[PDB]
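# this one's sequence-less:
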């Protein structure tokens, strides 16, 4: 189009540049368009009426210091006692007042303005006129006992936290409340009324649901190796013994031979039979609805069993589906216990075998300071984060899961969601020895990916003309995978499986998300090689019913019963720690103060809870998200399903029964149901209304008409709303203050490190050259549209294209944002893409190996070419021995050579910039490529210098996330880079910068949340004020009417009495 | 009195004090609940401190801020109601400055820090009170011209005090946006209300500035204390500590290593707060003075103490001793519950008094006046006077009275126009009666209308009846003694004596009749009479001289008291039955007791009547002479209470002869240089006979329950300022009663607007025994306890009412229709027209609204049947008179013939007038077909006179003229 910018005719023509200089008026266009130039044309004094009247406004000032960071802050905010003394003394030198005992005059609003107005606090002064249960110390003692070498054993002693008088207001010890019940009453008015009436050692293992890893080795071919401890349990199926068992070696389980083969979506499939006793046999479901169980045929459903019976040649790992007995040839069940149950730890990281690969079943860092010395810094974790992780992250979180490899679906199996998924081939076990399962579509996609990978491997082998044995084995593997896609033929069309009917729940719901302040506190102590889980930071505002359902699922660790009864509907209306109708208050009442995990799991801001998924008898817990290497690891979990005076009398009596022996417990459930009954009483009753009106409601708002009672109910409800919103705002403000303090601390700490990070360096793309064993597959994550291995990059080692052995690192590199310097150069950007390559290397130099002669020759040639004679001599004196050409004894690896180069560059900070250092490393890399070195790699990260050495295979797309996920990915990439290259100060500087950036982004997110919460608070407060005003008006009208009626009655009685004694006095003795 | 029982004989009056002060331990004041709600809402939206220790400090500071706001708002609410309550409050805190244990701010004592802290807290209390007083002065100055109701003014005062604490709450709670929003909403509502009330911006700014200055006192004091390292000298120099209180505390710290009559007299003498006054309350409550002060400083604790460990009798005694007028009230709840305790006859007046006392006093006066208007006496005075004969028509005075004309005076006065209808004023203005008669009637109207006099009478009767009831023998004639008490009260106020000094005399005789002349004062001047000052002992001795176990009982049996007792007995036995058996004639009892029944004179009834009359006469004698400084003002006020500008027609009497003659004039007996016995028996004593039967409504109600009517003075003990201004107020000059050591307090009235703007209030405990000088209180358990005030009255009443009889005192020598009432209301060229032998008079008088005597009869509130009976009786009387004059001459005197002829001709002319009027009324009756008695009221319902009626006949008029001419023919002859 001719108006692509949607400008006016003259403006569009000017933008195109089609208007000549002669027709242009310089003054008008200078004043209109913007390539233009710019041009610039007595402390006791009585406060002024403006200053005094500004003290009552809701928004008197719009000062915003929330984004003004001062790393060297000298915060000493103290109440000016000397200024107050000066003002008082000045005031007393005026005209003395008369007619009062106190003779000195009055400062008209000056003292209140000075002591309370704006431009070691006053509360300390007021507190000079007048124990706590330290939960953190007790938890630390318990965890130290658990960590002791005698107890069990990986002992890491937690440091001692600061005193409770100086501890942070959001720390671990204050999750159960501040412990101020003795000083202040609960914030709810109804709670105050009930209080006045009187009605109100292996802890490291937590049970959450009601009652290993394999390494890969480049082989002569692909290896699925395995840490060898023996099988705590062999996954057997004793259901049918003797024959019809194969016991395939790869799967480490027994499969069935084809001789013994004699508006919820789940509710839709079963057609409404969702009760736990009225489920119908699975066979009926298959017969009635075959269009969801058959391959779009009339009557020929047939679960193939020949394939899984035959042992997999070349030990190909294709997870067989859950076995099924009934075969289709063309009733209220108790539902218990049709599946075997086992214990699974949710916090353990799972590394299952690679699908399609062979199985053999049987800290210190160097930092360059500002002055220019590269001293080491032992890395350590501050006591606060240590205690937090010991209380939440380091504990054992267990769940009751269905043992899939030992489970079988029979004829009399109830129509459970797991039963439907197993019969429909939706979930397949993946790890041989654990109940981990994955959707079948994931396994099919992994098989397809392996098929493509080894097909291109076969093409490369054909091009190289390798030995016929390798070609034949690759052909056999290809045929095996192609058969396994369809499972029953070589010519059959590939099959697509349906979505499993079992709902999925993210494991963070059962694990707990870390708040942004705690995450930044962890970030304050950068530990190389660590990773931040993006799902542990993603929090969403919950609802009361969702938390109620979650506690209905989670059982009480003390007794094993569910935390909340199945019939307890709407037991919570408040989120406050200090209230009485909140999850924190309920957990404190139950006495579960030693379980901070329970407190974290039931907070207002946590992971998303889907009520339907928890309502189902069986639901999936997702343990790790899908990756191009590994399927989404999931587990399957099975769910096992009066007046005020009277209540006071029983509550007093119930506690009295404690003094005797009675029964073992005899008290918990009765007291709980009694307290729930007290909680859910009605207000409209005259007795409760009288008690509340005489306890909390002022006399000006007393009444009995329906309007007054309704307004009282509305007042209590809006008070609850105010409680919730104020608590949310307070928590967000505390988190914001903590994040600001920690970000200022991080900035102050990073200001001590020299600026050597090459974040504005653009490496030239790598030019192309002339150009039997099978290697693995390298991964590269990028956001650049039209990426080729010759693009290269800028890193610690130098120019070249970086590839990662682990798909996790490449995925993290794929979501990290394009560098701001590189953003101005890259023309087009796209979705986060992960590119496959198979390495084809002739010679490879290890970075953690002794330096060979060729590397030294390249180093010397590069230094001679780039640096001057004096600089070259200084470098030689710095790194080389005084009398020989051989390297110094302290320098032995190319990584150490890079560290020495960085140290030399930082020594001459004046004339050496990160660009020049990276150019020197790049020149070293080009000289190495000239020698004939393809790439530099430690095990995991390969720096390809010659783009012709790799071939692109496939591109995997990732979902574009928000800004905070992008920052988390960038920090993860920087941390992994630092973890590999611990000795290079550039990696540590990059990690520190990434940490600060992530903290800043989290601070911005907290600001947004705080603004939302403040708006909600304003709405709630205004509504509460309106309700209180209306209630006062109505009650006053009622009281005035009643008083006027009584006055009229009294006046009429006076009239009658006066006329009665107004006739005569004729009664002898009656007055 | 056997025409009764032991039941309904003691139930006639009530005397037991009921308990109406209620305060459970779980009750909270309105200010406390409001502040708790507001601070809870503020706490829900606070800004939590970022460090836990700072959070704990903030929580403590917030609780303290709530406590201080409660204190400030309560004090401001108290000061807004009664400004003087500041002086009683601060002076007590100044008394307890330094050693107050129980201060709400604070949750061998050698630590200087704790002593300094207590001292600083008390100084903060005093400075807060001073600030609230300054804010009150500023508020009054601003609100003087706007002119809104007192309830709205107090509501605005409380709201301003609450809103002034906005900066303090904003800073204490952390300047959180929610806290500022809540306080801004409250401030905006207050601004809207204030601007609606008429305040401008500058006045609102000044009021808010003063309130915010008030609220910042406590933190200012704490900053001062902490900044100087607790330097008491510098704090005193800054002017924060009162100098006198600090000096007293210093003296107390360095020092640290008695009849009730004196302390009570000292407490009464000073209007300001006196610490020894607390000692008085120490004796009544069995409680130490320090403990009483501590309870007083804490309102809820004071209410609990009052409602739990103190009985109703103790509260009544304390209030009637004037203690409650000086003990400070620390919360509005104290004032409201004390108002609830003193129950007026109607609770709605107490309800009005709780909010606005001035309107309550006005409503009480209005109720009394309204009950006066429809009373049994104000409607039938004219009817009963002209029937019993004790009222003489104006035309009859011309010829009836040779000398007694000087002893006759009209009934109507200037202020009577504001009680009765103007048409009834015409009828009342045509009546002339005896001077004592008119004064007694005016006094009966005065006592039953004024709140002050009614309260004084109620207090006196309460004391008398509550000391009569505890005597088993004397309790059997409560109604008789009350009736005599009321009659003597009316007589005494008719004489012009000081009503409010009646209790004093009631003690004095009670002393003398028990002790002798020694129980009086001979050393200081008492009253100026004659030409020199005569002491009280000499005055009483000369009183006894000129008048006519227990020593002086025989002094009651003298010549003068026997006749008075006979007169009282005659009145009682005429208006009701005998005091013995009920069914007994009026004259038979006195005749039997006089002409016979030797040694049986001076019955208990006669003894009690003589006692009462002696006490009233003593009161009149002390009140009618020129007294000393203290009693002169009270006497002058009592004289100025009279309705007419002149009942004071010089009753200040200076010599004994005139005063004795005046007293004998107003005390009848028989014989005496006094007009005649017959005139006394025909025109004066029948009035007292009728008055005994026609007591007003309010007097009967007060005599039925006297506590409810002394409740007026008990209420005014709490709030006694005027609405107009505070310029004229000198109640301290009246309280300096040096004449007697009796516990009677005379105060002035300021709530009434008119005309009782200077009324007198009597405070007299109902448990005071004058003979033994003790207070007989009833403990909470139920055991009577005697308290010294420096065989009591019950013994005297038992000995007055025993079977002992006196033997022939002094003399005992021997016994001493409707038509005329209808005629009595009848009222130049007229005399010359009708002088003698004229007939045209009818044609010159038949028409005329003034001549409509039936209108006057209707205005008299006379029943139609009574009017018909009177007309028939007049006809019969004229028929008899015609023959008895024409043909039955007892004395054929020309002058008597002419006089009786004129009288009967006028009666016949009135007969014709009312014949025409009643025929007209019957015509209207048959025209409207209505029941008769209803029509009698209906006549004043339509406010129609007979003038507009024109029901002419043509036969009725002819026959009426014919019969009238036939009547007058032989009369003229």
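Looks like it arrived, so ask away. Residues are numbered from 1 along each chain as shown, chains lettered A, B, ... in the order given.
# got a list of what residue 179 touches?
In the absence of a named chain, chain A is used. A:132, A:133 (CB atoms under 8 Å, 6 or more residues apart in numbering or on different chains). In short, each C-beta sits where N, CA and C put it, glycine included.
# wrong one, chain B
B:42, B:45, B:46, B:47, B:169, B:170, B:173.
# top of the residues you listed by neighbour count?
Highest neighbour count within the contacts of residue B:179: residue B:45, with 27 neighbours (other CB atoms under 10 Å in any protein chain shown).
# for chain B, give me its nearest residue in the stretch 1-150 of chain A.
residue A:104 (3.2 Å; CB to the nearest CB).
# do the stretch 151-300 of chain A as well
residue A:165 (4.4 Å).
# does that residue sit in a helix, a strand or a coil?
coil (DSSP: H, G, I helix; E, B strand; the rest coil).
# contacts only, for it.
Applying CB under 8 Å, 6+ apart, the residues near residue A:165 are B:52, B:53.
# again with residue A:666
residue A:657.
# biggest strand in chain A by residues?
Secondary structure assigned by DSSP state E gives strand A:829-839 as the longest strand of chain A.
# get me the contact residues on the stretch 851-973 of chain B for chain A.
Counting by CB under 8 Å from any CB of the partner chain, the stretch 851-973 of chain B comes close to chain A at no residue.
# could you pull out the strands in the stretch 851-973 of chain B for me?
Under the criterion DSSP state E, counting those that start in this stretch, the stretch 851-973 of chain B carries no strands.
# in it, what residue is nearest chain A?
residue B:861 (11.8 Å).
# how many residues are close by the closest residue to that residue other than its chain neighbours?
Counting by CB to CB, 6 or more residues apart in numbering or on different chains, residue B:861 lies nearest to residue B:379, which is 4.9 Å off, once chain neighbours are set aside. Residue B:379 has 18 neighbouring residues, counting by other CB under 10 Å.
# again with residue B:263
Going by other CB under 10 Å, the residues that sit close to residue B:263 add up to 18.
# repeat that for residue A:657.
Neighbours around residue A:657, by other CB under 10 Å: 14.
# could you pull up the contacting residues of it?
Residue A:657 neighbours (CB under 8 Å, 6+ apart): A:666, A:667.
# also residue B:579?
With CB under 8 Å, 6+ apart, residue B:579 has these contacts: B:1, B:477, B:480, B:569, B:572, B:573, B:603, B:605.
# and the fourth one, how close does it get to residue B:586?
In other words, residue B:569. 10 Å (CB to CB, to the nearest Å).
# which one's more surrounded, those two?
The residue with more neighbours, out of residue B:569 and residue B:586, is residue B:569; 21 against 17, by other CB under 10 Å.
# longest helix anywhere in the chain?
By default, I'm working from chain A. helix A:985-1060 (DSSP state H).
# sorry, I should have been clearer: chain B.
Max-length helix for chain B by DSSP H is helix B:894-928.
# may I see the buried residues of it?
B:901, B:904-905, B:907-921, B:924 (16 or more other CB atoms under 10 Å in any protein chain shown).
# for it, packing partners?
When contacts are defined as 3 or more CB pairs under 8 Å, 6 or more residues apart in numbering or on different chains; DSSP states H and E, helix B:894-928 packs onto helix B:841-845, helix B:853-859, helix B:864-886, helix B:932-941, helix B:956-972.
# count residues in the vicinity of the closest residue to residue B:690 other than its chain neighbours, would you?
Spatial nearest neighbour of residue B:690, excluding adjacent residues (CB to CB, 6+ apart): residue B:384 at 5.6 Å. Each residue near residue B:384 was counted by other CB under 10 Å, and the total is 20.
# helix or strand: which one has residue B:384?
helix B:381-388 (DSSP states H and E).
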